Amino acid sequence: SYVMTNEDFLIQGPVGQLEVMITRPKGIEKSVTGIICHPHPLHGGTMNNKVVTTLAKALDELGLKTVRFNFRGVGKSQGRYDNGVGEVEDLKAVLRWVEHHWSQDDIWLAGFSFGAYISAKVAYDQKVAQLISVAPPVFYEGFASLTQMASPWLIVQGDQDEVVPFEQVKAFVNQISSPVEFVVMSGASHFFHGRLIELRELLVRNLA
């Protein structure tokens, strides 16, 4: 499907255009596409966030096309913040767009913090081949109900994350019924400053 690679472009979202960028892998391209959601739009989170980039690099290394996008209101994406509700619809729109362009592909959903919540919400509604959360903000009220996730779920978490505390994520992983692959980076903060190479390696190791 003719879609320019490694450049920002716009697609139709629920409330306006969504800014998207895709990548295509450098070797065998698997019939799996990963969509990666960014951290909190109200705290400067965008599709260009470095943890988002790292997730994309990991998925690319694994042979997946990747799709990153800005939630409504962010960057060139039109509209305004919608309480985590419309943001779910934004991801759902990007997901439909992926399914339209690559109908044969399985889907991976991934996200960092706010984006981990949004992607988990969608993966709870539509079983996908793999869900990936980095620093899922499990204190969000909307996380409480995500107890029987059908999609396989990898959670990567720094144990020195002060924004999303390890013990809270651990407790969430413990309380939910469905199995989670819970991978912890020792000494990593919420932002993985200087640990992005290791984060990529950790993702690849656990997703290969």
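The numbering used is simple: start at 1 and walk along the sequence shown.
Comparing 29-37 with 65-73, the stretch with the higher mean C-alpha B-factor in the PDB entry is 29-37. Once the C-alpha B-factors are averaged per stretch, 167-175 and 51-59 rank with 167-175 first.
Among all modelled residues in this chain, the alpha-carbon of residue 133 has a temperature factor (C-alpha) in the lowest third. Residue 46: CA B factor lies in the middle third for its chain, per the PDB record. Remark: residue 121 belongs to the lowest third of its chain, ranked by C-alpha B-factor as recorded. In this PDB entry, the Cα temperature factor of residue 23 sits in the middle third of its chain's modelled residues. When the modelled residues of the chain are ordered by C-alpha B-factor, residue 192 sits in the lowest third.
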